[PDB]
Amino acid sequence: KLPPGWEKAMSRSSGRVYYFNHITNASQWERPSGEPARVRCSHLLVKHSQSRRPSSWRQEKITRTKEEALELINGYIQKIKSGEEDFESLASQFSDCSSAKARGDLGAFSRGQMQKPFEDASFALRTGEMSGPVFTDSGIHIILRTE
Ligand SMILES: C#CCN1CCS(=O)(=O)CC1
């Protein structure tokens, strides 16, 4: 039917069908289009109190809850999708990863290097595509595949 991980769903508010990916947590109205040894991705990380290391260059001690972190992630996705803000701009200002200094860019990587939820979502994206919330032991991520 559809590319890896995509399924059909019904909207509760409109009754219109949409498409959802259970590997990347992306969702969209339009039917999705169309594996490599390496991919290149940026990300924006929001840490929380249950993060493996509850510390970032932005905050010496992170206090926010997992639920607050997810609401922050949700709002950033909104601004990116509406075009009010660029992914790169929000990653530079707000990512709790030190890669914020390079606009969220992590370079190219193979399977076997990143935490598995991150790796799975990164390899299920197509070039140019962005994920929904992705959960790992570091926090909550938005992943953008660039190559
Ligand atoms: C490299 C690096 C920083 N971070 C990337 C996403 S992760 O979830 O694989 C944990 C490590």
# chains A, B, ... in the order shown; residues from 1 in each chain; ligands from 1
call {"tool": "residues_near_ligand", "arguments": {"ligand": "ligand 1", "cutoff": "9 Å", "atoms": "only C-alpha atoms and all ligand atoms", "output": "PDB file with N, CA, C and O atoms, in the first residue's frame"}}
result
ATOM      1  N   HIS A  43      18.111  17.980  14.305  1.00  0.00           N
ATOM      2  CA  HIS A  43      17.048  17.754  15.277  1.00  0.00           C
ATOM      3  C   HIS A  43      16.935  18.936  16.222  1.00  0.00           C
ATOM      4  O   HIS A  43      17.767  19.839  16.237  1.00  0.00           O
ATOM      5  N   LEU A  45      15.935  19.169  20.312  1.00  0.00           N
ATOM      6  CA  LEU A  45      15.746  18.300  21.455  1.00  0.00           C
ATOM      7  C   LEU A  45      15.180  19.139  22.585  1.00  0.00           C
ATOM      8  O   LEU A  45      15.676  20.235  22.846  1.00  0.00           O
ATOM      9  N   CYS A  97      20.138  20.277  22.805  1.00  0.00           N
ATOM     10  CA  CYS A  97      21.325  19.581  22.331  1.00  0.00           C
ATOM     11  C   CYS A  97      22.387  20.602  21.947  1.00  0.00           C
ATOM     12  O   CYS A  97      22.070  21.684  21.437  1.00  0.00           O
ATOM     13  N   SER A  98      23.651  20.269  22.208  1.00  0.00           N
ATOM     14  CA  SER A  98      24.725  21.198  21.865  1.00  0.00           C
ATOM     15  C   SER A  98      24.837  21.421  20.358  1.00  0.00           C
ATOM     16  O   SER A  98      25.482  22.390  19.928  1.00  0.00           O
ATOM     17  N   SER A  99      24.202  20.565  19.549  1.00  0.00           N
ATOM     18  CA  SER A  99      24.105  20.773  18.110  1.00  0.00           C
ATOM     19  C   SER A  99      23.234  21.969  17.734  1.00  0.00           C
ATOM     20  O   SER A  99      23.118  22.274  16.542  1.00  0.00           O
ATOM     21  N   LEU A 106      23.417  17.132  12.712  1.00  0.00           N
ATOM     22  CA  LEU A 106      24.223  16.075  13.308  1.00  0.00           C
ATOM     23  C   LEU A 106      25.181  15.399  12.326  1.00  0.00           C
ATOM     24  O   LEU A 106      25.892  14.468  12.723  1.00  0.00           O
ATOM     25  N   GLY A 107      25.233  15.825  11.066  1.00  0.00           N
ATOM     26  CA  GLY A 107      26.049  15.126  10.094  1.00  0.00           C
ATOM     27  C   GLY A 107      25.388  13.842   9.640  1.00  0.00           C
ATOM     28  O   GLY A 107      24.240  13.550   9.982  1.00  0.00           O
ATOM     29  N   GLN A 113      24.521   3.626  15.246  1.00  0.00           N
ATOM     30  CA  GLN A 113      25.190   4.728  15.932  1.00  0.00           C
ATOM     31  C   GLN A 113      24.291   5.503  16.882  1.00  0.00           C
ATOM     32  O   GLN A 113      24.735   5.865  17.971  1.00  0.00           O
ATOM     33  N   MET A 114      23.048   5.806  16.510  1.00  0.00           N
ATOM     34  CA  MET A 114      22.208   6.598  17.393  1.00  0.00           C
ATOM     35  C   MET A 114      21.308   5.695  18.226  1.00  0.00           C
ATOM     36  O   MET A 114      21.237   4.478  18.025  1.00  0.00           O
ATOM     37  N   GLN A 115      20.644   6.305  19.205  1.00  0.00           N
ATOM     38  CA  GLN A 115      19.613   5.597  19.953  1.00  0.00           C
ATOM     39  C   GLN A 115      18.535   5.117  18.998  1.00  0.00           C
ATOM     40  O   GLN A 115      18.153   5.822  18.055  1.00  0.00           O
ATOM     41  N   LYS A 116      18.061   3.900  19.243  1.00  0.00           N
ATOM     42  CA  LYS A 116      17.244   3.191  18.261  1.00  0.00           C
ATOM     43  C   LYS A 116      15.971   3.926  17.834  1.00  0.00           C
ATOM     44  O   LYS A 116      15.667   3.916  16.625  1.00  0.00           O
ATOM     45  N   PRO A 117      15.184   4.547  18.728  1.00  0.00           N
ATOM     46  CA  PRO A 117      14.010   5.301  18.239  1.00  0.00           C
ATOM     47  C   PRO A 117      14.378   6.415  17.269  1.00  0.00           C
ATOM     48  O   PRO A 117      13.681   6.629  16.261  1.00  0.00           O
ATOM     49  N   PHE A 118      15.458   7.138  17.573  1.00  0.00           N
ATOM     50  CA  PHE A 118      15.985   8.166  16.677  1.00  0.00           C
ATOM     51  C   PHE A 118      16.396   7.572  15.339  1.00  0.00           C
ATOM     52  O   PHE A 118      16.012   8.081  14.278  1.00  0.00           O
ATOM     53  N   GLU A 119      17.194   6.495  15.374  1.00  0.00           N
ATOM     54  CA  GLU A 119      17.652   5.851  14.145  1.00  0.00           C
ATOM     55  C   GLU A 119      16.479   5.388  13.285  1.00  0.00           C
ATOM     56  O   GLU A 119      16.471   5.595  12.065  1.00  0.00           O
ATOM     57  N   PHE A 135      10.560   9.944  20.938  1.00  0.00           N
ATOM     58  CA  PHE A 135      10.957   9.791  22.330  1.00  0.00           C
ATOM     59  C   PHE A 135      12.180   8.880  22.453  1.00  0.00           C
ATOM     60  O   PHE A 135      12.203   7.779  21.889  1.00  0.00           O
ATOM     61  N   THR A 136      13.182   9.337  23.211  1.00  0.00           N
ATOM     62  CA  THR A 136      14.391   8.575  23.511  1.00  0.00           C
ATOM     63  C   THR A 136      14.765   8.841  24.957  1.00  0.00           C
ATOM     64  O   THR A 136      14.149   9.667  25.628  1.00  0.00           O
ATOM     65  N   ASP A 137      15.845   8.211  25.417  1.00  0.00           N
ATOM     66  CA  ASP A 137      16.277   8.484  26.777  1.00  0.00           C
ATOM     67  C   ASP A 137      16.812   9.900  26.968  1.00  0.00           C
ATOM     68  O   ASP A 137      16.922  10.338  28.116  1.00  0.00           O
ATOM     69  N   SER A 138      17.126  10.640  25.885  1.00  0.00           N
ATOM     70  CA  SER A 138      17.620  12.010  26.046  1.00  0.00           C
ATOM     71  C   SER A 138      16.507  13.015  26.292  1.00  0.00           C
ATOM     72  O   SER A 138      16.732  14.023  26.970  1.00  0.00           O
ATOM     73  N   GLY A 139      15.320  12.771  25.758  1.00  0.00           N
ATOM     74  CA  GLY A 139      14.242  13.751  25.773  1.00  0.00           C
ATOM     75  C   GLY A 139      13.300  13.472  24.611  1.00  0.00           C
ATOM     76  O   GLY A 139      13.123  12.319  24.208  1.00  0.00           O
ATOM     77  N   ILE A 140      12.712  14.547  24.084  1.00  0.00           N
ATOM     78  CA  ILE A 140      11.802  14.476  22.941  1.00  0.00           C
ATOM     79  C   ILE A 140      12.414  15.265  21.781  1.00  0.00           C
ATOM     80  O   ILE A 140      12.895  16.389  21.972  1.00  0.00           O
ATOM     81  N   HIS A 141      12.389  14.674  20.585  1.00  0.00           N
ATOM     82  CA  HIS A 141      13.076  15.203  19.417  1.00  0.00           C
ATOM     83  C   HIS A 141      12.086  15.573  18.322  1.00  0.00           C
ATOM     84  O   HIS A 141      11.046  14.928  18.168  1.00  0.00           O
TER      85      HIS A 141
END
call {"tool": "residues_around", "arguments": {"residues": "residue A:6", "least_positions_apart": "6", "cutoff": "12 Å", "atoms": "only C-alpha atoms", "output": "ChimeraX atom specification"}}
result
/A:18-28,30-34,121,124-125
call {"tool": "select_by_dssp", "arguments": {"residues": "stretch 2-137 of chain A", "states": "strand (DSSP E)", "output": "PyMOL selection string"}}
result
chain A and resi 6-10+17-21+27-28+39-46+105-109+134-135
call {"tool": "write_last_selection", "arguments": {"atoms": "N, CA and C atoms", "output": "short mmCIF file (atom, residue, chain, number, x, y, z; two decimals), in the first residue's frame"}}
result
data_model
loop_
_atom_site.label_atom_id
_atom_site.label_comp_id
_atom_site.auth_asym_id
_atom_site.auth_seq_id
_atom_site.Cartn_x
_atom_site.Cartn_y
_atom_site.Cartn_z
N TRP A 6 3.53 3.84 7.34
CA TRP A 6 2.40 4.74 7.13
C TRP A 6 1.09 3.96 7.19
N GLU A 7 0.08 4.54 7.82
CA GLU A 7 -1.23 3.92 7.86
C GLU A 7 -2.29 5.00 7.72
N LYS A 8 -3.49 4.57 7.34
CA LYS A 8 -4.64 5.45 7.20
C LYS A 8 -5.38 5.57 8.52
N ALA A 9 -6.00 6.73 8.72
CA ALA A 9 -6.70 7.02 9.95
C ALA A 9 -7.83 7.98 9.63
N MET A 10 -8.78 8.11 10.56
CA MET A 10 -9.85 9.07 10.38
C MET A 10 -9.72 10.22 11.36
N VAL A 17 -10.16 11.49 6.00
CA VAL A 17 -9.03 10.58 6.16
C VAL A 17 -7.73 11.39 6.21
N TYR A 18 -6.73 10.85 6.90
CA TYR A 18 -5.39 11.40 6.86
C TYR A 18 -4.43 10.23 6.95
N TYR A 19 -3.14 10.53 7.03
CA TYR A 19 -2.11 9.52 7.01
C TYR A 19 -1.16 9.78 8.16
N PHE A 20 -0.72 8.70 8.80
CA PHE A 20 0.03 8.74 10.04
C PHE A 20 1.11 7.68 9.94
N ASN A 21 2.31 7.99 10.44
CA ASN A 21 3.45 7.08 10.41
C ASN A 21 3.82 6.72 11.84
N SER A 27 2.14 13.14 10.72
CA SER A 27 0.78 13.03 10.24
C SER A 27 0.51 14.14 9.22
N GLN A 28 -0.35 13.85 8.24
CA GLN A 28 -0.56 14.76 7.12
C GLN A 28 -1.85 14.37 6.41
N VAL A 39 22.16 8.47 6.29
CA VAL A 39 21.25 9.59 6.13
C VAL A 39 21.81 10.76 6.93
N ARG A 40 21.37 11.96 6.59
CA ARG A 40 21.78 13.17 7.29
C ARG A 40 20.55 13.88 7.83
N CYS A 41 20.58 14.20 9.12
CA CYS A 41 19.43 14.75 9.82
C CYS A 41 19.89 15.85 10.76
N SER A 42 19.01 16.84 10.96
CA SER A 42 19.09 17.76 12.08
C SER A 42 18.01 17.40 13.11
N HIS A 43 18.11 17.98 14.31
CA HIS A 43 17.05 17.75 15.28
C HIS A 43 16.94 18.94 16.22
N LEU A 44 15.84 18.95 16.95
CA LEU A 44 15.61 19.90 18.03
C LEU A 44 15.19 19.05 19.23
N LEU A 45 15.94 19.17 20.31
CA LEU A 45 15.75 18.30 21.46
C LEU A 45 15.18 19.14 22.58
N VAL A 46 14.12 18.65 23.22
CA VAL A 46 13.60 19.24 24.44
C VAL A 46 13.76 18.21 25.53
N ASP A 105 22.11 20.40 13.14
CA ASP A 105 22.69 19.41 12.24
C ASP A 105 23.58 18.43 13.00
N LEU A 106 23.42 17.13 12.71
CA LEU A 106 24.22 16.07 13.31
C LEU A 106 25.18 15.40 12.33
N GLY A 107 25.23 15.82 11.07
CA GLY A 107 26.05 15.13 10.09
C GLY A 107 25.39 13.84 9.64
N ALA A 108 26.12 13.06 8.86
CA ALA A 108 25.60 11.81 8.33
C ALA A 108 25.91 10.65 9.28
N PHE A 109 25.01 9.66 9.32
CA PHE A 109 25.23 8.51 10.20
C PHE A 109 24.63 7.24 9.60
N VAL A 134 9.46 12.35 18.71
CA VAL A 134 10.22 11.10 18.81
C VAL A 134 10.86 11.02 20.20
N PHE A 135 10.56 9.94 20.94
CA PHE A 135 10.96 9.79 22.33
C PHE A 135 12.18 8.88 22.45
#
call {"tool": "atom_distance", "arguments": {"atom1": "atom CA of residue A:129", "atom2": "atom CA of residue A:146"}}
result
7.9 Å
call {"tool": "closest_residue", "arguments": {"among": "A:126, A:85, A:78, A:47", "to": "residue A:63", "atoms": "only C-alpha atoms"}}
result
A:47
call {"tool": "select_by_dssp", "arguments": {"residues": "chain A", "states": "helix (DSSP H, G or I)", "output": "PyMOL selection string"}}
result
chain A and resi 66-82+87-94+98-102+116-124
call {"tool": "write_last_selection", "arguments": {"atoms": "N, CA and C atoms", "output": "JSON list (two decimals), in the first residue's frame"}}
result
[["chain", "number", "residue", "atom", "x", "y", "z"],
["A", 66, "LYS", "N", 8.08, 15.71, 31.62],
["A", 66, "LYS", "CA", 7.88, 15.05, 30.33],
["A", 66, "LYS", "C", 6.68, 15.62, 29.59],
["A", 67, "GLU", "N", 5.60, 15.94, 30.32],
["A", 67, "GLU", "CA", 4.39, 16.43, 29.67],
["A", 67, "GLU", "C", 4.56, 17.86, 29.17],
["A", 68, "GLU", "N", 5.28, 18.68, 29.94],
["A", 68, "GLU", "CA", 5.56, 20.04, 29.49],
["A", 68, "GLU", "C", 6.52, 20.03, 28.31],
["A", 69, "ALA", "N", 7.54, 19.17, 28.35],
["A", 69, "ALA", "CA", 8.44, 19.02, 27.21],
["A", 69, "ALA", "C", 7.66, 18.71, 25.94],
["A", 70, "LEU", "N", 6.69, 17.80, 26.03],
["A", 70, "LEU", "CA", 5.92, 17.40, 24.85],
["A", 70, "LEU", "C", 5.03, 18.53, 24.35],
["A", 71, "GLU", "N", 4.52, 19.37, 25.26],
["A", 71, "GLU", "CA", 3.73, 20.51, 24.80],
["A", 71, "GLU", "C", 4.62, 21.52, 24.08],
["A", 72, "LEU", "N", 5.85, 21.72, 24.58],
["A", 72, "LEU", "CA", 6.79, 22.58, 23.88],
["A", 72, "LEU", "C", 7.07, 22.05, 22.48],
["A", 73, "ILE", "N", 7.38, 20.76, 22.37],
["A", 73, "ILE", "CA", 7.62, 20.14, 21.07],
["A", 73, "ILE", "C", 6.42, 20.36, 20.16],
["A", 74, "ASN", "N", 5.22, 20.14, 20.69],
["A", 74, "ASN", "CA", 4.01, 20.29, 19.87],
["A", 74, "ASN", "C", 3.88, 21.70, 19.33],
["A", 75, "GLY", "N", 4.18, 22.71, 20.15],
["A", 75, "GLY", "CA", 4.09, 24.08, 19.67],
["A", 75, "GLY", "C", 5.12, 24.42, 18.61],
["A", 76, "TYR", "N", 6.34, 23.89, 18.75],
["A", 76, "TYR", "CA", 7.36, 24.14, 17.73],
["A", 76, "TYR", "C", 6.96, 23.53, 16.40],
["A", 77, "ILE", "N", 6.37, 22.33, 16.42],
["A", 77, "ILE", "CA", 5.90, 21.71, 15.18],
["A", 77, "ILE", "C", 4.84, 22.59, 14.53],
["A", 78, "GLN", "N", 3.94, 23.14, 15.34],
["A", 78, "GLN", "CA", 2.92, 24.03, 14.80],
["A", 78, "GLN", "C", 3.54, 25.21, 14.05],
["A", 79, "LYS", "N", 4.48, 25.91, 14.69],
["A", 79, "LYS", "CA", 5.09, 27.07, 14.05],
["A", 79, "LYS", "C", 5.87, 26.69, 12.80],
["A", 80, "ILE", "N", 6.51, 25.53, 12.81],
["A", 80, "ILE", "CA", 7.25, 25.10, 11.62],
["A", 80, "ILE", "C", 6.28, 24.83, 10.47],
["A", 81, "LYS", "N", 5.20, 24.10, 10.77],
["A", 81, "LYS", "CA", 4.26, 23.67, 9.73],
["A", 81, "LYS", "C", 3.47, 24.84, 9.16],
["A", 82, "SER", "N", 3.16, 25.84, 9.97],
["A", 82, "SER", "CA", 2.49, 27.03, 9.46],
["A", 82, "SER", "C", 3.43, 27.99, 8.76],
["A", 87, "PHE", "N", 12.54, 25.54, 10.94],
["A", 87, "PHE", "CA", 13.13, 24.51, 11.80],
["A", 87, "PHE", "C", 14.49, 24.95, 12.34],
["A", 88, "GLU", "N", 15.34, 25.51, 11.47],
["A", 88, "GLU", "CA", 16.72, 25.83, 11.83],
["A", 88, "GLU", "C", 16.78, 26.90, 12.90],
["A", 89, "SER", "N", 15.92, 27.90, 12.77],
["A", 89, "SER", "CA", 15.84, 29.00, 13.71],
["A", 89, "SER", "C", 15.40, 28.51, 15.10],
["A", 90, "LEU", "N", 14.37, 27.65, 15.15],
["A", 90, "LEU", "CA", 13.92, 27.11, 16.43],
["A", 90, "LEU", "C", 14.95, 26.17, 17.03],
["A", 91, "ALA", "N", 15.65, 25.39, 16.20],
["A", 91, "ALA", "CA", 16.69, 24.52, 16.77],
["A", 91, "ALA", "C", 17.83, 25.34, 17.35],
["A", 92, "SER", "N", 18.17, 26.48, 16.71],
["A", 92, "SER", "CA", 19.27, 27.32, 17.20],
["A", 92, "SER", "C", 18.92, 27.97, 18.52],
["A", 93, "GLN", "N", 17.68, 28.39, 18.69],
["A", 93, "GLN", "CA", 17.27, 29.09, 19.90],
["A", 93, "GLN", "C", 16.88, 28.17, 21.05],
["A", 94, "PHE", "N", 16.34, 26.98, 20.77],
["A", 94, "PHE", "CA", 15.64, 26.23, 21.81],
["A", 94, "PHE", "C", 16.08, 24.79, 22.00],
["A", 98, "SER", "N", 23.65, 20.27, 22.21],
["A", 98, "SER", "CA", 24.73, 21.20, 21.87],
["A", 98, "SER", "C", 24.84, 21.42, 20.36],
["A", 99, "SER", "N", 24.20, 20.57, 19.55],
["A", 99, "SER", "CA", 24.11, 20.77, 18.11],
["A", 99, "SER", "C", 23.23, 21.97, 17.73],
["A", 100, "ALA", "N", 22.61, 22.64, 18.71],
["A", 100, "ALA", "CA", 21.91, 23.89, 18.44],
["A", 100, "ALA", "C", 22.83, 24.92, 17.78],
["A", 101, "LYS", "N", 24.13, 24.85, 18.06],
["A", 101, "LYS", "CA", 25.07, 25.82, 17.49],
["A", 101, "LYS", "C", 25.27, 25.61, 15.99],
["A", 102, "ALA", "N", 24.94, 24.43, 15.47],
["A", 102, "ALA", "CA", 25.03, 24.15, 14.04],
["A", 102, "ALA", "C", 23.63, 23.96, 13.46],
["A", 116, "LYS", "N", 18.06, 3.90, 19.24],
["A", 116, "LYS", "CA", 17.24, 3.19, 18.26],
["A", 116, "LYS", "C", 15.97, 3.93, 17.83],
["A", 117, "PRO", "N", 15.18, 4.55, 18.73],
["A", 117, "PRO", "CA", 14.01, 5.30, 18.24],
["A", 117, "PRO", "C", 14.38, 6.41, 17.27],
["A", 118, "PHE", "N", 15.46, 7.14, 17.57],
["A", 118, "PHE", "CA", 15.99, 8.17, 16.68],
["A", 118, "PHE", "C", 16.40, 7.57, 15.34],
["A", 119, "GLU", "N", 17.19, 6.49, 15.37],
["A", 119, "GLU", "CA", 17.65, 5.85, 14.15],
["A", 119, "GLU", "C", 16.48, 5.39, 13.28],
["A", 120, "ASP", "N", 15.48, 4.76, 13.90],
["A", 120, "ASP", "CA", 14.34, 4.24, 13.15],
["A", 120, "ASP", "C", 13.58, 5.37, 12.46],
["A", 121, "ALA", "N", 13.32, 6.45, 13.20],
["A", 121, "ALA", "CA", 12.59, 7.55, 12.62],
["A", 121, "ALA", "C", 13.41, 8.22, 11.51],
["A", 122, "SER", "N", 14.71, 8.39, 11.73],
["A", 122, "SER", "CA", 15.56, 9.04, 10.73],
["A", 122, "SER", "C", 15.58, 8.28, 9.41],
["A", 123, "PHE", "N", 15.68, 6.95, 9.47],
["A", 123, "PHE", "CA", 15.74, 6.14, 8.25],
["A", 123, "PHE", "C", 14.37, 5.94, 7.60],
["A", 124, "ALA", "N", 13.28, 6.15, 8.33],
["A", 124, "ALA", "CA", 11.96, 6.08, 7.72],
["A", 124, "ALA", "C", 11.53, 7.38, 7.06]]
call {"tool": "atom_distance", "arguments": {"atom1": "atom CA of residue A:60", "atom2": "atom CA of residue A:144"}}
result
26.5 Å
